[PDB]
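Need coordinates for the below:
(11 chains)
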Amino acid sequence: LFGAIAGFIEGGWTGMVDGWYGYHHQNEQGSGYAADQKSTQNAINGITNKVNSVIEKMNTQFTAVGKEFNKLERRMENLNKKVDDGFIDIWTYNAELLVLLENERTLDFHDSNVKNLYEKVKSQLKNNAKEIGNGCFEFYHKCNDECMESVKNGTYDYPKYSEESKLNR
Amino acid sequence: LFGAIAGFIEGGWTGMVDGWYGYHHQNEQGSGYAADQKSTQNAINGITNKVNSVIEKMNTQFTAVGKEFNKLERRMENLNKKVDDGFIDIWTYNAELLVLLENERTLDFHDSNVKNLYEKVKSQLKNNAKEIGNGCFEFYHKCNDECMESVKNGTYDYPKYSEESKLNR
Amino acid sequence: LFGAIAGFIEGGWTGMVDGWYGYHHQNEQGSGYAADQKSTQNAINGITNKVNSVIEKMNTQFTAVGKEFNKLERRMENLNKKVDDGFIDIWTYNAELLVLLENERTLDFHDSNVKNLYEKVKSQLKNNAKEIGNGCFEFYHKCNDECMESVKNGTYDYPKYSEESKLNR
Amino acid sequence: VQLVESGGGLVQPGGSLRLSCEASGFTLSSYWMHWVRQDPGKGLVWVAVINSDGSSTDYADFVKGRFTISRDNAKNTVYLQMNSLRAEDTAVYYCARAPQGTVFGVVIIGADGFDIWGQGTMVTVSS
Amino acid sequence: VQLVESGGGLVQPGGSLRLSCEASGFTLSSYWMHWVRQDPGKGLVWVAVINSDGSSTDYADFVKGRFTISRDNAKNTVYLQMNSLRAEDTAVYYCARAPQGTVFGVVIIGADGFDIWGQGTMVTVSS
Amino acid sequence: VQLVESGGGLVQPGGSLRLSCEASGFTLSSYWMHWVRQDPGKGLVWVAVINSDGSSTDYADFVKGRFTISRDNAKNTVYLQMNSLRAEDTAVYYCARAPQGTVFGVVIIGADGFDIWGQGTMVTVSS
Amino acid sequence: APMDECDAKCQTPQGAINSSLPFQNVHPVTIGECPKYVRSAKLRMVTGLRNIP
Amino acid sequence: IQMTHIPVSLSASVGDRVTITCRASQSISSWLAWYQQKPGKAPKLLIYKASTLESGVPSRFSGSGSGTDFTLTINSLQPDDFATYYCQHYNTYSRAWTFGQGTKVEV
Amino acid sequence: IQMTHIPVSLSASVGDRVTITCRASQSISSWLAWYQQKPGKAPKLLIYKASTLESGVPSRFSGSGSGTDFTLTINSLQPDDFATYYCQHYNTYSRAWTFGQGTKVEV
Amino acid sequence: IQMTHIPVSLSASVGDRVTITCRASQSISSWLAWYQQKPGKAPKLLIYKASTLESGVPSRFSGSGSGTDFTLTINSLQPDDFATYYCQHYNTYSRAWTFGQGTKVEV
Amino acid sequence: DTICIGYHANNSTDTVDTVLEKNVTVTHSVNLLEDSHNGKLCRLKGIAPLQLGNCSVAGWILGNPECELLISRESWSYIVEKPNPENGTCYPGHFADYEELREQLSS
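Numbers count the residues shown, from 1 in each chain, chains lettered A, B, ... in the order given. The relevant structure is shown in the block below.
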């Protein structure tokens, strides 16, 4: 729905296992996978809340089932079967529709989180980096582990590298 | 879900009272808050329609409650209870869940509007203004109350200021 | 909700008949409409599956209605009528709310598809084209039916026209 | 609940008049107050509106600063003062009450329109 | 409702033939019409398809200009002309009807596949 | 199920000690194992945690590499080895079990907190 | 109603219904594989876009 | 914004359906109210939000519409239902209150 | 696009659950139709959209699957169910109609 | 993250509804666990996720709250419910386990 | 040279209702509600209905002398009875458990 998952990011990363969303950096000191703690924490909070909140609305059954009717009480038996089957049908429909709609909503939620993370990094970097388009930014200035950690932490210092990036651009 | 509310626009404005979404302008003639009538009107229409459309789907109860059974009609009584309580449960679910889901959607709706409004101003200003990122743009040309009102009204004259903005950029 | 339909793309195209979303191109070789087969196919798959999935969650009624009670069985008749009316009310609510919510979701889905198609074309073109803002791109280089078809097919050769587009820009 | 109107009478052209509405049964501070004039035989024309706090008032397109609307919640009254009256402004004037809105002034659920009107004061302009 | 086929027979290689389906029980102006063929003992393969107006027609990969499809809704018939036949084109030809799609040609809800088939016309190519 | 701890005793300052939890009734490989300490009469303080595979461990803020946590799932035992003990680190030590959620280590549905605790071993330091 | 020689799948006192649609508003009383009775007068589900020509 | 009434005047018998249509110069969503006024009296509100019934209004009144075309149906006309009916566009936001010309129902 | 059958032939006794699996060379979503043909006769359509049963087809037939792999199950095999079963990929959009090689159910 | 108790100590009688509040330095969503400890014994877990009763605990315990403020209520106090009650912030992700100071209920 | 991205519009008048809006014109839509019917009683899976005619279930089951045309009929899909049957129990009296017998004969 938001074009991030299965959109301009073709596939997932099997190498990062500490989060749902993360970064993959590559500088002269090596390559690495890191997992965004803030976004994944927010996603876990939201999904846990959603699942639990859905469950609590389904009050636990605290009763019993079963009645007996003699041959002259067929109308009673038909009414009882109608009540039981109707309640079963209503609850089955509720559960199935709830699962379907919530599944679609959760996938959209994850797509939105990935897109928002991409936009955050893009706005942080501004014209110091070039958008390759597969979800990656090629820096116009040399970046060490400190500046990569700054981008991950949200503390990127655009003015510091602005002069060097402008010359290379 | 869209990244505007609580995203790149951190908090709300207490000084704006005439609308949900709006503008905060600051030129040599002073500072001020204004409310986008069109966006807020559209949001009001949407939310009113949502609330009322939901409400009219549950017709008000018109009957009464209460039945009496003797000691030899216990199978009757349980059945009655099994209906009444059962129906209540369903309606409770159908209410609670509804609000939950609807609530989320409403918030997302508002988020979208803010995002959309922001994008509109982008499409109006192009390279005549610089994206600070906190939610606004610093103009590359002098703007008075007339051009600010044009920006709010959607009638921004990009060609008029293009030459002046190009020099300063 | 995403700003494509009734946003920066105001109206529809009656000249396109082979797809929900598509392109309208105008070069020295002429003007024409075309339909994005991939996006429309994905939309058809999604809409078909949603409608069918909603329908099969409701098992077809394979029973009968009708009961009779004598004068001294008023309580049974009231209970039966209450059961029937309550089931009808619950199912009417389910049908109406489902149609409302799914209709809003479907319109949002189509909006998202148009927005994603626009973003795909924008990302392919990059600075080789100018974003007018009404859903259109004005190329900085001469483009024939071959490069039009490349843009529609997704195989746009940006480096080939980069030098020519840079001069005109 | 009722609104009663007073002050309607015969005033010469270029004159002035001061209509007053008193509301018995409810509190004026929780209702927008509207002044609506109806020519004899003709339809209903909306004249003026005053807010719950007297800060925001609005007037029609045919009144060029002639009319001034005021409110007094302590006295439970709403006044409309007309000056420079012309021959066209001869009608039965009604006082209408409108509920406040949950969102800003727009009501989302419940009563919305002019629930309760007055009885009408006949204002006639002639020589 | 049924479809009857005619025109099949023995034709020499490099010949021509005309197959025709007539529909009884329904008006075929609101149905796509398909031509499939089954080799004796082999499986089913699809040859041609014609729309509900005759504007859009499609043909299989092995037929390259050899076959031409046509339809007469007033007469409730669908025709297939084969020219330049070869020994491979020896099979039982079936006429199938497919419901027109709700959106474009895709049916969202309702019947979707080839609901009603023909009886089969045997087309033989030999010397 | 039960957890039985052992190894507590009097140790001089600067000394070393070993604490061991043994499980009875469950597989230790499917739970995170926590070490908490409670000063006599005071509140509960968390000390250390060991994963379900012995790969990821964590320690509190007052443990500057003094304590080492370890696991043996074959024997269903958890070990905590303390060194450089000081006068402050005297308390009743408890072993706790926590469920391991499918998503990373977070539990979305079902039991999440410290379900089963031990009995406590008193570790005392003096001269 | 009079008796015809149909081959229907659902029967209501007002007449028979031959449809695979999931709902109906003809009659609560039904015999056979029948759609679910609802009190609505319009259940239309959109499959396309907003029409802005 | 302008409100137009169709028909300007109409006549019907007791026990007959009747439809009064209000058309808008622009799209006013569901911001419409239906009032009823008898001669020499004050109007009483019948419908707000184009569909909701005021408490005390008989169920024989039904409002329906959205956007630019709206309708008041008085099922089973009664002697106490012969008056002039007004459509009003009310919008507290944007400060827009406008009344229709009105339709007189007779017998 | 190519559609393949597993197994090519499958012999089972009366009253036994049967299962025919059709696999696609690409992802064809739920655009599948199961047909049945007895020797020397026109095919009859059993299932469309990989799950929906044509009117009149006995409930003993079942459809299942999406994407690339699909399955027709005949629980409680009956004597009239000994024929050749075909899986067809139909897509009116994109104009793709393709038949499977076929499966034979014997005694 | 620091977790504080209100009040530190409390006196209440049998059959009296009681309420212990725990406040967090930052927002910790619904990552709270309520434990109970009687003198010279291991704690027993009452509530997890700030609302869910652990299997086997009496229904009188009620957990509520979110964010910063959380509340544990022992409705209809009983003799076995006189102990020290601890609030814990547990987060397996981000690896944060922190215990409150404690709340002692007396008679 | 320009390329534009847009969508599809047609001459449809089909309308749907959404949560945000009412009476939204759409390009394509499906109707999930059945409103029409044949108008006449018809067979169900081949077996013809049993129309008792002027006599009721009591008259049919006791063998009322004035409707013997139902004696031959032995199989049916459903029973059709007039809303106010008149040719029932000719000799006046009470039919014990009449509604129970109707329930038994309904299956």
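
Look up the residues forming beta bridges with the residue nearest the centre of chain G.
For chain G, residue G:24 is the residue whose C-alpha lies nearest the centre (CA atoms, centre = their mean; 3.7 Å). Beta-bridge partners of residue G:24, counted by DSSP bridges, are residue G:37, residue K:34.

so who does the residue of chain K found nearest chain E touch?
Relative to chain E, the nearest point of chain K is residue K:28 (4.6 Å; CB to the nearest CB). The way it works is simple: take the backbone N, C-alpha and C, and place the C-beta from them, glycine included. Residues counted as contacts of residue K:28 (CB atoms under 8 Å, 6 or more residues apart in numbering or on different chains) are E:102-103, G:46-48, K:12, K:14.

Next, format those as TSV and append distance to chain H.
What follows is these, written out as TSV (distance: CB to the nearest CB, whole Å):
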residue	distance to chain H
E:102	26
E:103	25
G:46	16
G:47	22
G:48	20
K:12	17
K:14	16
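
Secondary structure and neighbour count for the residues you listed - can I get that in a markdown table?
Shown next, in a markdown table, are the contacts of residue K:28 (DSSP: H, G, I helix; E, B strand; the rest coil; neighbours: other CB atoms under 10 Å in any protein chain shown):
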| residue | secondary structure | neighbour count |
| --- | --- | --- |
| E:102 | coil | 20 |
| E:103 | strand | 21 |
| G:46 | strand | 28 |
| G:47 | coil | 27 |
| G:48 | coil | 26 |
| K:12 | coil | 14 |
| K:14 | coil | 18 |
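
tell me which of those is nearest to residue A:5?
Taking CB to CB as the measure, residue G:47 is the one of the contacts of residue K:28 closest to residue A:5, at 24.6 Å.

How about the most centrally placed residue in chain D: which residues does it bridge to?
With distances taken as CA atoms, centre = their mean, residue D:35 lies nearest the centre of chain D, 2.1 Å away. In this entry, residue D:35 is beta-bridged to residue D:48, residue D:95, by DSSP bridges.

give me phi/psi at residue D:30?
phi -110, psi 30 (degrees, to the nearest 10).

how much space is there between it and residue H:88?
Here residue D:30 is placed at a distance of 21 Å from residue H:88 (CB to CB, to the nearest Å).

more crowded one of those two?
Just comparing residue D:30 and residue H:88: by other CB atoms under 10 Å in any protein chain shown the higher neighbour count belongs to residue H:88, 23 against 11.

near chain B, which residues of chain H show up?
Within chain H, the residues that sit near chain B (CB under 8 Å from any CB of the partner chain) are H:29-30, H:49, H:51-52, H:93-94.

Please convert the residues you listed to TSV, extending it with distance to chain E.
Below are these laid out as TSV (distance: CB to the nearest CB, whole Å):
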residue	distance to chain E
H:29	29
H:30	30
H:49	34
H:51	30
H:52	34
H:93	38
H:94	39
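
Out of those, which sit inside strands?
residue H:52 (DSSP state E).

Check which helices and strands the longest strand anywhere in chain H sits against.
Ranked by residue count under DSSP E, the longest strand found in chain H is strand H:84-91. If contacts are counted by 3 or more CB pairs under 8 Å, 6 or more residues apart in numbering or on different chains; DSSP states H and E, strand H:84-91 sits against strand H:3-6, strand H:19-24, strand H:32-37, strand H:69-74, strand H:96-99, strand H:103-106.

Looking at those, which one is packed in the most?
strand H:32-37 (a mean of 24; mean count of other CB atoms under 10 Å in any protein chain shown).
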